[PDB]
Novice: 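One structure, pasted below without further comment.
Note: hydrogens, waters and symmetry copies are ignored here, and every other heavy atom, side chains too, is used. The sequence lines fix the lettering, A, B, ..., with proteins before strands; numbering per chain opens at 1.
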Amino acid sequence: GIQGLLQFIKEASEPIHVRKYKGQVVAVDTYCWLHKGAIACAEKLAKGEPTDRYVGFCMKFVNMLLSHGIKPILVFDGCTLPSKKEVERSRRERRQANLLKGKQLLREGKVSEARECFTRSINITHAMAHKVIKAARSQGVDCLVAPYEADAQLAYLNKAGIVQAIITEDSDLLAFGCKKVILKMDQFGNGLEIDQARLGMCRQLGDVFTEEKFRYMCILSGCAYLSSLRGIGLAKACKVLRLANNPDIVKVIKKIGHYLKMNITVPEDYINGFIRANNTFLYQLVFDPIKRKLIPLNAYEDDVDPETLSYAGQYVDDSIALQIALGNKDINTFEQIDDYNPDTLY
DNA sequence: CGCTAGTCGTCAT
DNA sequence: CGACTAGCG
Ligand SMILES: Nc1ncnc2c1ncn2[C@H]1C[C@H](O)[C@@H](COP(=O)(O)O)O1
Ligand SMILES: [Mn+2]
Ligand SMILES: [Mn+2]
Ligand SMILES: [Mn+2]
Ligand SMILES: [Mn+2]
Ligand SMILES: [Mn+2]
Ligand SMILES: [Mn+2]
Ligand code: NA
């Protein structure tokens with residue numbers, strides 16, 4: 001997620017109701033609902049007791065969408081992306097702590113604080129996701145497990161014209177080049193929409209409303225794939241790309257201190273990591289549900305060698321990718337946990 | 001002052 | 001995933 005991006009481009013946002021997309025197709029970033037839903041039953045999840053409350057939670061949203069003639073496609077995160085591994089480890093660490101300190105507090109009588117710890121330690125498993133998937137399919141709703149981050153899969157579905165809008169809490173989706181994004185959507189259908197075309201409604205951006213420069217700015221502010229330089233956020237990054245008159249981004253980043261009148265030490269690795277992050281936003285693997293095969297989010301340019309792009313996701317055989325996308329294949333064990341055949345979105 | 005970095009909350013009785 | 005804020009320059 002781009003820290004503070006939603007406030008930074010807030011003038012491009014427009015309150016809406018989802019009936020706006022009646023009779024159209026909308027893809028969902030389902031881990032947002034999953035997380036919110038799992039919080040409601042955190043005690044039982046932390047204690048290992050059985051629960052399916054989070055299923056009902058997600059399902060009231062899905063049913064709400066259906067009541068307004070919306071075709072939802074639930075998308076799920078798949079295998080872990082190397083580019084993101086660090087950030088993920090950090091989350092795990094925090095969760096681990098909040099589990100121990102939680103249990104600790106249960107052995108000190110204090111349950112009020114223990115629950116506040118349990119709510120911050122929930123880990124969303126693939127089994128839980130799959131429960132949501134079965135529940136959804138029982139209502140005729142398509143589900144799709146992304147090969148890697150759902151962000152990219154969603155962006156792809158949007159850019160391909162497969163869906164008209166993405167529902168998510170996550171600002172990243174704009175850096176991936178989503179067309180339309182629906183944030184803050186509640187159980188009634190009220191949300192905030194940001195169109196890519198309307199980023200020019202943000203005077204604060206200047207000419208940084210093109211897809212490329214916007215992406216550069218997001219990376220420079222600090223993202224999941226690369227931490228910012230010391231003291232650089234959206235404002236500074238944006239400013240740098242505004243004053244930037246050179247087309248080559250590397251030389252810009254080498255003169256970033258000059259553009260901001262600061263003494264910024266830029267490590268040589270920061271460049272390669274920037275290239276890495278850029279390439280990850282551009283080329284992260286996704287699954288074409290129509291051709292049923294793995295593809296990068298955008299076609300490889302002449303300036304990128306795909307062999308160097310392992311951090312953006314490893315290729316696997318299309319048949320495996322398909323079984324993962326169907327939610328048939330367990331991400332961890334790669335064993336078959338279900339037998340859904342749609343032949344008897346795809 | 002604007003801005004970044006780090007801490008706290010998402011559920012729901 | 002984000003919102004909020006104390007404190008940084
Ligand atoms: N605490 C919390 N609240 C809301 N959304 C969250 C949270 N942690 C992660 N996420 C989002 C980030 C990803 O888009 C997705 C999977 O993250 P993963 O870490 O694999 O579960 O869920
Ligand atoms: Mn609760
Ligand atoms: Mn895989
Ligand atoms: Mn995500
Ligand atoms: Mn993201
Ligand atoms: Mn070219
Ligand atoms: Mn202040
Ligand atoms: Na930053």
Novice: Per the side-chain hydrogen bond (donor to acceptor under 3.5 Å, both in side chains) rule, which among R120(A), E116(A), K103(A) passes with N98(A)?
Specialist: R120(A)

Novice: Name the residue closer to the 5' end of DNA chain B, choosing between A237(A) and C32(A) according to the nucleotide with the nearest heavy atom.
Specialist: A237(A)

Novice: Main chain of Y225(A), side chain of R276(A): is a donor-acceptor contact present, judged purely on distance under 3.5 Å?
Specialist: yes

Novice: From the list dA5(B), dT4(B), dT10(B), which nucleotide is the closest neighbour of the side chain of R230(A)?
Specialist: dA5(B)

Novice: Would you mind reading off the distance between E116(A) atom CD and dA12(B) atom P, rounded to a whole angstrom?
Specialist: 18 Å

Novice: Assess whether a salt bridge exists between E169(A) and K36(A), defined as any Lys/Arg side-chain N lying under 4.0 Å from an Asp/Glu carboxylate O.
Specialist: no

Novice: Quick one: which of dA5(B), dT10(B), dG2(C) gets closest to the side chain of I39(A)?
Specialist: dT10(B)

Novice: What integer distance in Å separates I256(A):CD1 from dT4(B):P?
Specialist: 11 Å

Novice: Just call it for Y31(A): base, sugar-phosphate, or nothing, with non-hydrogen atoms closer than 4.0 Å on any strand.
Specialist: nothing

Novice: Once you apply a heavy-atom cut-off of 4.0 Å, does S228(A) come out as touching a base, just sugar-phosphate, or nothing?
Specialist: sugar-phosphate

Novice: What's the CG-P distance between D170(A) and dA3(C), to the nearest Å?
Specialist: 11 Å

Novice: Just to be sure I understand the rule, does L183(A) reach a base, reach only the sugar-phosphate, or reach nothing, if contact means heavy atoms closer than 4.0 Å?
Specialist: nothing

Novice: Over all strands shown, is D172(A) touching base, sugar-phosphate only, or nothing at heavy-atom distances under 4.0 angstrom?
Specialist: sugar-phosphate

Novice: Taking the side chain of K236(A) as its heavy atoms from C-beta onward, which of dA3(C), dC3(B), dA12(B) lies nearest to it?
Specialist: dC3(B)

Novice: Base, sugar-phosphate, or nothing for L5(A), non-hydrogen atoms under 4.0 angstrom?
Specialist: nothing

Novice: Please determine whether a side-chain nitrogen or oxygen atom of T119(A) lies at a distance below 4.0 Å from atom OP1 or OP2 of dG9(B).
Specialist: no

Novice: May I ask you to say whether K84(A) pairs ionically with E149(A), meaning some side-chain N is under 4.0 Å from a carboxylate O?
Specialist: yes

Novice: How long is the line joining CD1 of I182(A) and P of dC1(C), in whole Å?
Specialist: 18 Å

Novice: Would one find a side-chain N or O of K184(A) under 4.0 angstrom from OP1 or OP2 of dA3(C)?
Specialist: yes

Novice: Can you check the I264(A) CD1 to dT4(B) P distance for me, whole Å?
Specialist: 11 Å

Novice: Measuring to OP1 and OP2 of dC11(B), would you say a side-chain N or O of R115(A) lies under 4.0 angstrom away?
Specialist: no

Novice: Among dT10(B), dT13(B), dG2(C), which nucleotide has an atom closest to any side-chain atom of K36(A)?
Specialist: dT10(B)

Novice: Provide, to the nearest angstrom, the distance between the CZ atom belonging to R94(A) and the P atom belonging to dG2(C).
Specialist: 13 Å

Novice: Salt bridge check, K47(A) against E49(A): does any charged N sit closer than 4.0 Å to a carboxylate O?
Specialist: yes

Novice: Just to confirm, is there a sub-4.0 Å distance from OP1 or OP2 of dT4(B) to any side-chain nitrogen or oxygen of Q3(A)?
Specialist: no

Novice: For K131(A), is there an ion pair with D52(A) - N to carboxylate O distance below 4.0 angstrom?
Specialist: no

Novice: Heavy atoms from C-beta onward define the side chain here; which of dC1(C), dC3(B), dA12(B) lies closest to that of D151(A)?
Specialist: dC1(C)

Novice: Do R91(A) and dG2(C) share a donor-acceptor pair, side chain to base, under 3.5 Å?
Specialist: no

Novice: Under 4.0 Å: is that the gap between some side-chain N or O of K84(A) and OP1 or OP2 of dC1(C)?
Specialist: yes

Novice: Identify which nucleotide among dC11(B), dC8(B), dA12(B) has an atom closest to any side-chain atom of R120(A), counting heavy atoms from C-beta outward.
Specialist: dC8(B)

Novice: Base, sugar-phosphate, or nothing for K44(A), non-hydrogen atoms under 4.0 angstrom?
Specialist: nothing

Novice: Between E43(A) (CD) and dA12(B) (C1'), how many Å, whole number?
Specialist: 10 Å

Novice: Rounded to the Å, how far apart are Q7(A) CD and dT4(B) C1'?
Specialist: 15 Å

Novice: Looking at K71(A) and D142(A), is any side-chain nitrogen of the basic one under 4.0 Å from a carboxylate oxygen of the acidic one?
Specialist: yes

